[PDB]
Each structure stands twice: as C-alpha cells, then as structure tokens.
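First, one chain by itself in structure tokens, the form deposited in one PDB entry.
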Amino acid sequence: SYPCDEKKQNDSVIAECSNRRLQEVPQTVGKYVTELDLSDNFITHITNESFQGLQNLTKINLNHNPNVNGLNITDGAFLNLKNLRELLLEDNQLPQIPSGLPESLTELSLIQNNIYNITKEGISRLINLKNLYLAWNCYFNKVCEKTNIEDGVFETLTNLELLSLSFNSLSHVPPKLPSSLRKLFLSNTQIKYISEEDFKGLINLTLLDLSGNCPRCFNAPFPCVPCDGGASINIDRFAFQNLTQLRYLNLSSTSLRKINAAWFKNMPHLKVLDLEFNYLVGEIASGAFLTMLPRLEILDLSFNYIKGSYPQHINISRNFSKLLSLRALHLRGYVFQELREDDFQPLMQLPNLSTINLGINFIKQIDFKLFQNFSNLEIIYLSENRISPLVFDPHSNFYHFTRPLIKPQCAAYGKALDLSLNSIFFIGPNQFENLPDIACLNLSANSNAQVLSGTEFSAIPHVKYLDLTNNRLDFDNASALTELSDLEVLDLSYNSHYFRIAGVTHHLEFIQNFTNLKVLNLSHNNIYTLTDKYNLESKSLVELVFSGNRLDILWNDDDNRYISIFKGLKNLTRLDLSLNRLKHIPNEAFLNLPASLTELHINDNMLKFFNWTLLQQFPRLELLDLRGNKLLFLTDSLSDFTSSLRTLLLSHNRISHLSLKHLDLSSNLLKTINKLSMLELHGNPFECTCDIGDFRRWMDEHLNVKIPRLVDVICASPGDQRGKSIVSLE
C-alpha cells in the first residue's frame, strides 16, 4: 500500500499521504480511495491530470503545499471529480479562489492564503456548500488593505450553515447573507460598527463571533490595534433582535465598557457568552444585562482588570443571582486582594454552578468557608493567586484558553481545589480549615518546604488525588501524608530541597501505610540513597514513576543494599525507570523487579547491554521500552524468553544486526535486514544494495504490516543511492 499508506475506516478507504516530501500528486494511489490527505508536502502544481480518472474521491486535503511561490492550480482542475464534497486548501499561498470548482462541494476551506476578492463565479454556484472557511487572508502582514466581497456572493449559497471570515479586514458585516447560516465567525475583521440591518435575516443563527473588533490591544502577542482612543465596538440596540436561536456569543476583546441588556431581549437560549478582555468592572458591579440570561450556562468575564488597579475587593452585582442556569463562571484577571463571604452571596443560590474560575487574580486572602455554601461546586480554580500560609493555529479559541482547568483524572474523584502557583511556602495549621470535602487538590509550585508529619491535611482527609509537584517538601517522616488514608494518586515530581543543593537523603517508608495508593510519581527527585529502609513496600500500588533519579548510584551500592528496592511493590504493573543514568542493571536487581509488571520503561539511560534472558521472569510483561540507550545486539531466540510481549521499543540504540505486535528499531545502525503489525525502521544506515533485495521482497510479501515513514527509510550507501528511499530503487 504505497506511495501512501491505505486504510479502512467505516465504509470508506483512506490514503494518508501527509508530510512526505512529495513534489507531485502521485499516480500510485489506490483506486478504492475516497479520501486523500496530501498535506504538508512539496507539491507546486495541480492540473486536471493530477486527479485523472478518479471519480470516487470524496475528500482532498492539500493543506500546507508547498513548504520551506505558492500552489499553482489550473482552472477546472477539480471539475472532473463528480463526488468531491470536502476540499481543504489551507496555507497554499493562493492569490485567488480557484476557478471551476465542482458544485458537489459541501465543505471548502481556503484559510491562510492571499485571497482579497471574494467573487461570485469563484464560489457562487457552489450551491451545496454548508461550511465555508475564508479566515486569515487579508491579515495585517502584507498587501490587502480591505477584503473585497462582491455584493451578494453568498446570497446564492442557500444551504450555507457556517461562514468564517475571521482575521480579514472587512470594516462592515457583509450584506446579503443566506438565512441558512447557523455559525458566523467575524473575529478580528475591523468591524467597529454593527447595524440593525447587518444580521436581520439570520433567524437560524446559533453562533456569532465578533471578538477582537476594537480590541483591548494590551500585551497581546499578536498585532493589536485598537479603535481610536480606548473606544469599544459599536453595536446598535436592535442589532440582535431577530437572532432568537443564538446559543454562542463571543464579544471578547471588543473594548466594551457597557453591555446593552436589550441585545439579549430576544435571545432566550443563549448558552455561552464570552466577554474576556473588555473593561466591564463597572458592568460587573451593576449589570442590567445579567437579568436577561436565564439559560446561560457559561459566562467568561476574564481579564477585565483596570490597568494599575488592585482594589481590595471584587464588586459582584446581586443580579448574578438571576443566572439560574449557570454551570461555570470564569473570572480570571479581574485582580483584587481579598475575597469575603459576602462578595459571593449572589452565586451561592445558583443551583447548577459547578465551576468557579478565579485564576490569575493575585488574591492575598480568601474567606474559604464561603465555598461551603454551594450545593454543586465541583471545581474551585484558584491558580496564580497570592494565598499565604494560614495561621498560530487558526482553529484555536484564542480568547478562551481551552483545555480542562484541572486534570480530568484528578477532578474525576470529586470536588477539586487548585491552589497551584500561590504563596504557600509552608502549610499553615489553618490552611484547609472551613473547606468543603475536597477529593482533588493541587498545590503545585508553591515553594512549599513543609516537613510532612501526618497532620497537615487532616481537615480535608478525603483527598484522593494530590499534586505536590515543584515544591521543596520533606517526606522523611514515615507518617507523612498518612492522614489521607483514602489517597489514590500522589504526584511529588520535581521536589527538591529549598536551596537546590547537591546531597539530600530520602525515606520512603510512608508509602506502605496507604492501603489504596495506586499511582505514585517520584520523578526528578534526584533520589540516590534511602535511609534506614532500602525497600519500597506497597500492597496497593499499581504505578511507580521513578524517572530522573539515581538508580545507577542505588544499584552500584558496594553492599548491594538496594537489590530488592521495588520487589515489595507486589501489585505493580507499570514502572518508569527512564533518565536514571543506567549503564548496567545488576542481573539480580532486574530479577527483583515485581513479577506483576505489564509495562517497563528504561528509556533514555546509557544501557550498553540488556540481559534478554530475564524476561522469562516476567510472564505478564506487555511493553518494554528501551529507547535512547547504547545497546549493541539482540538475542536470536526472543520467543524462548517471553510469550507476553506485544510492544518493544528500541529506537535510538546501537543495534547493527538482526508473539508480539509492535517493533520499533528506528534510529539504529542497521545496514541491512536478513531474515506483528508495526515495524519502525527509519533512520538506519541501510546499504542500498542487492543484499537488501531480501528485505524488499519481505515487505511486498507482508502488506498488512505497517511501516511508517517509508520515505525516511533511507539508503546511506553506497554513494550511488545514498539519500534515496530504499523502496523506489530496483
């Protein structure tokens, strides 16, 4: 299956031809293929011969061609393809919409080109278009002052559901838009005024994006140019009167000081409202508009701080109690010093509020008991505040940061409190007094140097997932954290002494006291020696991450004190030993790794030899990861030593000569192959020669097996073929 890999999905067969240095549309493409991904290549010309005799094609991706003049597409180059629905032509340095596109198309993407004329003929006549993407064409870099949209070019597209013109200079919403529209994206379009007539038709509209017009252009990485003065976007009172279906409204970075409550009079289903990066401190305090949003589930009022203002208190309108459907409130970057019980009274009566996001407010103190008064809080996000011890890609939501606030696997356990990146340099006795019952707690990165003694967390004893990463904690005391008898996940990654000094010693006895600890992460603790007790012991532990410590020192111990260090983890199935500067694992030591192991990582060490013999000791082992070592040869008789192994990763080793499903030998020193569904081989210095004919034939006799990056499976020698993919030659 070449030159592309060809694969089943659904009832459709797919050709992945992305990122392979192709200089032309191959003619070696499977005839069954209905979707062709040619993205991120070096293709320069598309003609009506490029896709000849291929009626079946339904989707083509030509994005990012070519790399490192743009893409030349003849007139009617695609017209032949009677079934073409989806055509992606992003980042192609196109100067005009290609002429003679097939009427079959339902999705067309021309983002990141140089198209300044949206002409009928170009797109008129593509009546079947549902989704049309024209964003990022007349962006500030280079020639287009304004994007010329021929009058009524879209009125003919009466099935158009999505139109994106974001990141082009338009000045005004185009007239003569089809009523069929459901999602209209007009972010960053230099539209400083919205008339009553601009959206009058669009009854079916569920999403409107006007973000970044009259931007709040403060320290924004991307070019930012506000309207004259600090002037906000101008939106007519009745601009939105006929948009009864709107669910998503984005007004981020429109320099808004006032929000007209009449905008929402006829908008009873509004679900999500983005008001990040405006100046709505006043409006938050009064807030007529808040009574008009009884179905709002998500409100983002982030980064509406006033420059230079660090008020004692936040002023929350009482009208917030009228957001009855509110599930998530995002109030980052208001910036204020104190949160009192009373300031959040309006929110205490909202029945479905499960997320309060107060990140990046530099709050010095919070009256923490106030969070007891919420019936459905699942997420309290307080990262980047100042709590003390208590005694690019177009398809990104630029204005709203998009990944989960708290790691899903932590918040899964229950109520989550994230106090990362605050001032909690030690754990005060009253640190967690008056909190609700917390299951997930983040203390990451507080320069916290607490000597854990078994009393610090007793006020929230039902924590299940505890992130303590990037602190300077001492867990020598065997009672450390034992007050959390229900703890399942503990992350102590990157924990070191305060002074970041050479030395330190560890005592890991506290581990055994937990009867339900599942995952423990000790990565990059620079553990080189254990005190008094040389064995980790746990009946419950399933995953130990030990990367970035000094097992080289521990196992070269003159007394062999640590030969059985992990053996006491009787239930362990995953072990990470990466980055331990291992040259040689004493045979004995390796045999005393838990027999229960399922996944063993010893990558990025300096292993010169591996005793393959010992694998019989691990009947359950499925994955063995030995990447990035210095290994020289493989055993001839692997089948003797394991029946279990599915995946063996050997990339970045020195192997020069040659029951399971995946073998990675990429980036080794193989000159040839003499004589299971994935074999990785790229990066080996193949001697492209006839000896190689054996292996070549083997490839043809096993098409099911996947070999990725064939294009990077390269002849090194002799000189005649060097740099040539082994497959092309005969």
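Between two forms, the rigid core is the largest collection of C-alphas that superpose within 1.5 Å. One rule holds for the numbers: they count along the sequence shown, beginning at 1.
What comes next is about the form deposited in another entry, which is not displayed.
- Once you line up the core between the shown form and the other one, the CA of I501 is the only one from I203, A412, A285, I501 that shifts by 2 Å or more.
- Core-superposed comparison between the shown form and the other one: the C-alpha position of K539 differs by less than 2 Å.
- In this overlay on the rigid core, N141 has a C-alpha that sits 2 Å or more away from its partner position between the shown form and the other one.
- Positional change of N19 between the shown form and the other one stays under 2 Å at the C-alpha, relative to the superposed core.
- Distance between the C-alpha atoms of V504 and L582: longer in the other form than here (change of 3 Å or more).
- Note: the CA-CA distance for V504 and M606 expands in the other form relative to this form, by 3 angstroms or more.
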